[PDB]
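Below is one structure, written out as structure tokens; the observations come after it.
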Amino acid sequence: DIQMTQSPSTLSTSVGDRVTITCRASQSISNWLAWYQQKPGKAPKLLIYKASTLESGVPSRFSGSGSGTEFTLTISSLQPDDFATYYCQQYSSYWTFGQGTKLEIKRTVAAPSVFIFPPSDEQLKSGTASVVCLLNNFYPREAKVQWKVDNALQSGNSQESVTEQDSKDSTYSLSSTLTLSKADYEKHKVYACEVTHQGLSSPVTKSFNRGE
Amino acid sequence: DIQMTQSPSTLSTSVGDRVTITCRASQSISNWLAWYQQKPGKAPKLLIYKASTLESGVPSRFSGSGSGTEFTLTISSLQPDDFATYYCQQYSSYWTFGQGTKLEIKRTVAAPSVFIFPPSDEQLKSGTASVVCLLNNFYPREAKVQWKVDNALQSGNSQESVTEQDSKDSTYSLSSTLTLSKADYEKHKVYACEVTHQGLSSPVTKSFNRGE
Amino acid sequence: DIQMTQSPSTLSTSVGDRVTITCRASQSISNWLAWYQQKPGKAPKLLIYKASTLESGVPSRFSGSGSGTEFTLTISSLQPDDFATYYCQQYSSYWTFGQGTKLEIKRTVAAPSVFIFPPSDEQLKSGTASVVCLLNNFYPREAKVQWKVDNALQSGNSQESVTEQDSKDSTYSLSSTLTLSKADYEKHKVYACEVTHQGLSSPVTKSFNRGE
Amino acid sequence: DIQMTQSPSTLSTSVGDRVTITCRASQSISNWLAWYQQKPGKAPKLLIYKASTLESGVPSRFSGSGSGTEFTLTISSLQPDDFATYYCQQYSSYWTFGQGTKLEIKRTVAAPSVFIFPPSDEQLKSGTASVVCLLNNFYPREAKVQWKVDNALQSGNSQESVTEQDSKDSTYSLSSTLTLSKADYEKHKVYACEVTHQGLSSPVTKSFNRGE
Amino acid sequence: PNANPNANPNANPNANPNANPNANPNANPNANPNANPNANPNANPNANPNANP
Amino acid sequence: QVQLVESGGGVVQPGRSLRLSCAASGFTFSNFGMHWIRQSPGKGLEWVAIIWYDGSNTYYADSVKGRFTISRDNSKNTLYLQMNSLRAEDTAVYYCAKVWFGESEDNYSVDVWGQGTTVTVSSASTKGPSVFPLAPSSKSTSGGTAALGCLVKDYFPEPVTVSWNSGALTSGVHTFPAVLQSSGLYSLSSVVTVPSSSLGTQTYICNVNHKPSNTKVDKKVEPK
Amino acid sequence: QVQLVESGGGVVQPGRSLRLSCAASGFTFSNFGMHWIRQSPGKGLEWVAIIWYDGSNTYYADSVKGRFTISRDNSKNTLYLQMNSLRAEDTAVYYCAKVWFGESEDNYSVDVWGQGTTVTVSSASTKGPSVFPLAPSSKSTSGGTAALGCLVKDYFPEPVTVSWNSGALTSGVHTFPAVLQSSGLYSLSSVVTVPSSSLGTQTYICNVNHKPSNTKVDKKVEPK
Amino acid sequence: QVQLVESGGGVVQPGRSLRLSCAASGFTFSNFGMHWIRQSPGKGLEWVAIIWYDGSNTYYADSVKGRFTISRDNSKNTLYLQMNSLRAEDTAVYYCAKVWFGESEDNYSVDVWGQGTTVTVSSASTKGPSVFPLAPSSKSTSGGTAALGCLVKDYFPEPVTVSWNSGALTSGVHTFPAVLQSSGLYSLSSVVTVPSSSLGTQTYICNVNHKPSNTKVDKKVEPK
Amino acid sequence: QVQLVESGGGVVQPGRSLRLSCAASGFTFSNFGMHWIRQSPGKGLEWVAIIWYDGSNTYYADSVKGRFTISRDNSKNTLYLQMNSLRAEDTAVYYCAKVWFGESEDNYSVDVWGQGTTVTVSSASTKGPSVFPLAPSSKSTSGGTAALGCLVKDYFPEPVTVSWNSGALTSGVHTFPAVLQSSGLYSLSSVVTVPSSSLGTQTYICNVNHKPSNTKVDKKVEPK
Amino acid sequence: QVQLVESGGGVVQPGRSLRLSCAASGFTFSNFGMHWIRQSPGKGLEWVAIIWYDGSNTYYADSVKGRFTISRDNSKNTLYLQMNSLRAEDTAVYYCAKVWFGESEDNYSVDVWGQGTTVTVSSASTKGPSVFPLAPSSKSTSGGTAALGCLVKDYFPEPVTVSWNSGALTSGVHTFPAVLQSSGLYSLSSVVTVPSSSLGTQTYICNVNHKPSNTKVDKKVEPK
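Chains as they are written, first to last, in PDB author numbering: chain f, 1 to 212; chain i, 1 to 212; chain g, 1 to 212; chain e, 1 to 212; chain X, 56 to 108; chain I, 1 to 52, 52A, 53 to 82, 82A to 82C, 83 to 100, 100A to 100F, 101 to 214; chain F, 1 to 52, 52A, 53 to 82, 82A to 82C, 83 to 100, 100A to 100F, 101 to 214; chain G, 1 to 52, 52A, 53 to 82, 82A to 82C, 83 to 100, 100A to 100F, 101 to 214; chain E, 1 to 52, 52A, 53 to 82, 82A to 82C, 83 to 100, 100A to 100F, 101 to 214; chain L, 1 to 52, 52A, 53 to 82, 82A to 82C, 83 to 100, 100A to 100F, 101 to 214.
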């Protein structure tokens, strides 16, 4: 089973830049490699086959190179239509795709706005307590959110969700949901989320008291 | 002449189970395969044609699959009305049916009750001697009955008959009839039927003495 | 036009022998080859199709083999009913038959008896002169008969006829007829037929003088 | 789309010569190449298929050779019936024809006769002015005709037409037509066509004055 | 896995010339439902020669 | 809905002839081809013949070609099967069946089967059965349960009916399917389990009835 | 141009079967082989099956061999995928894809992908969502900007739609993608930033709609 | 079983036409395609024509294309071959043959051949033979065995029958197959070996019979 | 032998449709696939479409895909090509062609071409020609030979015929092939060389005929 | 999983032919090449033949080249091996085997073997065995243990089954593998150790069964 691997997993780039992404196979696949482009919520479109043949209708700013086990895709001058996810696919022995490289819109650093929401009384009446920590309009996407309940770090009881890059300002938003039982929730007082981001010189901590 | 073969010949299953039976042709019949259901003492009814097309009026829990030389019939959730015999039929070149698979009601193991009956004096006066060995209320159906006359195994002079599964408890009964001439019968003393069954830890032997 | 060729053209064999005949196609015909048996003065009968499938009713001592361009028919143990002519036939592209292989009854060598007959006076009165050279009861069939008229070899004015193997003793008979005009006949003196055969240590010559 | 290319485009040859034309494909077409002959004003006729198989009815003086990407057609001894246009055609992936090679009748060099005709008064009355330069009975076909209006070379306002080789003496004739508006025509005085040909030691210039 | 566009487009002479025993035995509903002009217009010699009665 | 009714089956000696009929209703019979298919315990389901809607083409299985003749009467909506030169192995239940409606180039089979009619090819003559008691005793008692029965031997043809005490006793009755013996006569047994404490006081009589021979036998079963 | 339309996807319990179809138009469907390829967030793109133009050769991925069956109906221009014995990891978006045209000795892959159909293998039952308010307060205020929202918890299956003030409020709205919980139920949040000076006077209501259960909930969000 | 009977063959001058027929019985003629195949001593076996079961497709060998027309009458169970513009090389034995039953995608050939009918294309007129004696003498004697015979020359058409002493002498008789001469007339010889001790006393007469011309000749062979 | 006759070609305005037919004879038309191939002066030979013997598979060139439809009527032995949305570059001579017979695994092309039919796609209206004299003089004289002619300008459609003295003068006549002008009208010249000593006495008239417009013009050419 | 079932093996006289078949299931048979490999006690494992997936290329070992023919029927999923002119040294167990799936440029061998079928090439005729007692006595006793047995000599072909006292004695039974003698007949022994104190009182009988000849022999072994 031929393994495929793409690098980098995420690439922040700007319009007009020269972009090069790489794709490697666990064994020799000769030149039988195809590149597919996919925009979010849409079907993939074929860009290149035989590692270097351009599909009809594909603009000339795309080019392929490579043979054996190392292959590269090059975009000479990035255009706004090219912000998408790119998958390589060997078709030398069956068919396996790489994990995909997402072309991200590079912009200046913007620190997140942090908000915390306690569980509603209705949900408390339902027997569950969800605490929500919100990071709004930040870039880049990498951030760490740690839940602290009476200064005790939580693990394995939270879930994170991230939006795509906003069409207007290319920022991210992230929601973290900490879920606890009503008895566990009422067995503590202070609930805090601590956030770290490369745009923040120091970690930011938001907290509330149960009932306050 | 295309040969058809169904597997398994008998399948013990329970209500709610997922049932899959297979059917194979001696040569390629493309997709021209039909499945027929037959209940005992009743005419067969068509279930599937073209190997995967459901006949009008057939519930959706029936499905067909297969192409070329291997075909399968699947019942997603067995219901009591589906306990019947299923025949496949190729109709690519003339028409030949498989041997049929009978779906049996699976239940716990129950050992048989064994009874023996000697020939009546009236039948001996008529010139024949029938000895009857009866196995009552056993499951599964597979059992072995050996006749021993003065500890000598008999062969080719007995006939067996089995009832269908009882509607109330889904058990079987089996009769073995040994037929002999008066001279052969009166030239011996002890007449036994020995029974082995998967529900019996040891073989059961019933015997009588001629004249006793 | 696919050419077919059979080898050998004639095979001398005996009852109980193992017989193998071959058939070759000018191009690949896959396995679409049939073998037909024909007895003299009778219609051909199908023996094998698909190069190796035995026709229903054909005894098991016949078998076929081969694929692509070379095919063989094998008789494991020859029987007297099998003395016949065997034709192969490709049916991959239209239909063409081979020249046919005749299975001949092998026997010991027997030299021919040579007789000569001069033209009758009645036929000479009719305007033609036929001279007949007869070879009786010889085996094998190959023999050479040369006409010499005043020690001059004739060519293009003679015709030969050969009988089939006699049912009783498996011998051949051959007739050679030299036909000439009355003027050609009376313009020469010595008329001889010389016969060579593998059973003859020396050629046999019969001759007459016109009028003698 | 496989591109085909034939060389030479035109070949001057004589009766009895050995003629060889070549044909090349943009990619490997194995041996799936056909050669077609077409005479002017008549439908094409098949000569060779599989690059080297002679079509039934084609005389043996035609032969094919080649494999992969280079193919040749050879005429061992040219005959007058063979003067025609020859097209190669790959039929390995769809069907594409070459531009065709026309076999021209080689003869001695003959210089053209040059005549010039000014526009008629009727055409000037119609609003257009056509000037005609005629080259009669010249060989080979390559020649250059330049229009000069008051010693100024014209470009993009003339059209050339060439006849086929005359059946009697194998010469060409060419007409060049300069088309101008009546106002453009009457805005100048001298109109010349200059002709150069490999059979002419010096360029020939014919000219007239407007109104003469 | 596609179709060879240059494959044999003719009709294989060594094909199946017999009848297909598994073919359609039913009557074609959308067949010719009209009368045939060139049918038999002559009286039938072996028709009914008696009364109705 | 679609309904097919077979008739004409019965017992026939080998070498004789027999005509089966199939009456069709619920659909336009003249628009469909028909099959005859037979079923026997030894061979399972086995196709016999097919006929076109107009009778123009008929096909037969290899084992019956030349002996069976399939025909139809579209004016009467009836399917016929004339069977000549019958052999012993032709004993089976025969069904007529209707071809389904499909596409013009598809292959075809049957969708609706008839009720079925039984054909028995045997040289045996009509003969009533011998009823012998399977008497219960200490050797047929385990705890409070004993087994007794009746053996119905050497009768022809099928079927026979067995009741117990004129039908008053049905709980626990097991009548085995008949088996064909080497002599061409059928034989079967009918057994019933009863409380051992009822022996000697409750009367048990098996009532065998055989309409083809008008046989009625009431056999009393007494313990030993 | 070339068009492929998948259909047949939906919610199916584990162990059951489901049949997907792919309707093709704009090209000669019978002349091309086809692929089925699935995409999941956990495994990315993953080839499933391939079928020849005439169906003579089929190949399957190892993880699905023996459970999935790919077929085609060239008379209907339809590609089929029968999926039996579904496991939890088969939940994905399934695409049909057309093999490109190439040379006789080349290797082949797909050039045109279909629209895709979602298949969710889960034992969860259809259940409407619980809408909880994400109430703004002093702890969710930085300057003149505050954040409020709605939590849409414990619904199945996907998807749900969220609007604000019947669509009148769209500036600054962030509806997060749903997350699958340990219980097999989905949950998501929708947040919006508003001027702090508008709290207590401007009314904000989130409108959650869930067509599979016909749920429509208008939840009012009040400050603390 | 299957039976095919050809008829219509005979003597025809070159350039004229002739129609052969083949009556089929023992099977459903309308369900099978048919071949005409010819056999001649000069070319061996040579396929001539094939016709589909319904006559929709016909094929011919290249040597006969445009001259022969194959047809069939399924209502009469008859196969026909109309031969026009006959040449000398068309003289052969013509067989009709039945295509075997096979699979739908297999290639097909013939399994049952007819009896065969002889066609002789020659411009020779019907003519009785000249019978001349091949008289035995000292030059045709080796020991006690001598050879004598009759030369049957210049007859048309085939065949002729030869007997010796009205059939009383058959031991040792060798009638050679006829050979066709350059003049278009047939010729053959018949010889017999006799005991030399019988010469001069036993009378030997060869009886040549030629039904096409009603020729009967009894020629006496006398020794020298 | 094999014969193919095309018909249906003519002048058609751009955007309209036209249906070409090809009648086949001399062979079994239903047994062979067919091609349509076109030839134009600008692109040479260019394959257009192919159809299978039974019409099951059709293929088209990329430049015509979606606009042309090839079909056939095997009952009429006719091949059809429906051309819709014609463009100017589709003007060409269209040939039907027969696929040769070959082996089962070979690739195939055409062996017999039809006669060809001309299709001219132009928005020009039917128009008679303008005939202008090409008058000989001293400036078109070299020795004893002079040249004169007729210019046939601005006519549509093709073709036009030119004769001299009702055909009595053919020696030395050169009628050039027509050329297409920017206005969509054709134009050509016809010239003849005559002895200079005959000028002024021998009358020379060119007879231009244009059947599409029924134009007949006799123009007298006099020297200047 | 993958399953291969061989059939066709048996006893064959030298010089005769035999055809082995191998039925494949559990995988796409038409996609893989196959091997036939044989195993004999004298030569060990020995490759016999290989065939490509499509039958285009076949290879044979040198010892069998020209006598064996390997073929396959992808429509029946069956592998065939026609063996002609069998010699004595061809007696072996024949396995069919499946080539593994690998890379395009690798070399290939087999990964899954069939069950195997035995072929015995011998001119010996079927013959029942001679059973002789190996009687225990004082000369075959050491302490309380004695040895007795049965010699099964001069039988053909394999196999034979040996039991003791109808299976009642299994502890201490040693049935030796058969050995082939110079006469082409097999021979073996079966021995058992028994307590010496049981001799003369305990009955020991060996039950030899040979299904090919339907031989059943119960030989009693008595002390001396």
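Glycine included, C-beta positions come from ideal geometry on N, C-alpha and C.
From the DSSP output, read off the bridge partner residues of g:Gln6. g:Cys23
Hey, could you find the ends of the beta strand (DSSP E) E:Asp101 is sitting in? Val100F to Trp103
Could you list the residues in the segment 88-102 of chain f with a C-beta less than 9 Å from some C-beta on chain L, going in chain order? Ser92 and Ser93
In terms of residues, what are the limits of the alpha helix (DSSP H) holding i:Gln123? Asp121 to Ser126
With a threshold of 9 Å between beta-carbons, can F:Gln105 be considered close to chain f, or not? yes
I'd like to check one pair, e:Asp121 with e:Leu78: are the Cβ atoms closer than 9 Å? no
When you compare each of e:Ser12, e:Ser28 and e:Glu212 to F:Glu99 by their alpha carbons, which one comes out closest? e:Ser28
Is there a Cβ from chain G that is less than 9 Å from the Cβ of g:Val145? no
Any 3 or more C-beta pairs closer than 8 Å across the segment 45-64 of chain e and the segment 98-115 of chain e: no
Closer than 7 Å at the beta carbon, the chain I residues around i:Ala152: Within 7 Å Cβ-Cβ: nothing; i:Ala152 doesn't reach chain I, min ~21 Å.
Give the DSSP bridge partners of I:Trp36, in chain order. I:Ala49 and I:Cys92
Going by beta carbon distance, what residues of the same chain come within less than 8 Å of residue 236 of chain i, once the five residues before and after it are set aside? It is not possible to answer for residue 236 of chain i, since the shown part of chain i is limited to 1 through 212.
Check whether the segment 136-152 of chain I and the segment 173-182 of chain I touch, using three or more Cβ-Cβ pairs below 8 Å as the test. yes
Would G:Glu46 pass as a contact of G:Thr107 if the rule is Cβ separation under 9 Å? no
Just the C-alpha distance for F:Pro147 and F:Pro119, rounded to the nearest angstrom, thanks. 10 Å
Using a beta-carbon distance below 9 Å, is L:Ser30 in contact with chain f? no
Classification of f:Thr53 by the beta-carbon crowding that lies within 10 angstroms, buried from 16 upward: exposed
So that I know if they touch, is there some Cβ in chain E lying closer than 9 Å to that of e:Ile21? no
What three-state label does DSSP hand F:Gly157 in the structure shown? helix
For chain F, find out if any of its Cβ atoms is closer than 9 Å to the Cβ of i:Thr69; answer yes or no. no
Determine contact between the segment 177-195 of chain i and the segment 126-134 of chain i, defined as no fewer than three beta-carbon pairs at a distance below 8 Å. yes
For G:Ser203, which residues in the same chain have their Cβ closer than 6 Å to its Cβ, ignoring the five residues on either side in sequence? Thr116 and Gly118
Cβ-Cβ separation, E:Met82 to E:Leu18 (assumed contact under 8 Å), whole Å: 5 Å
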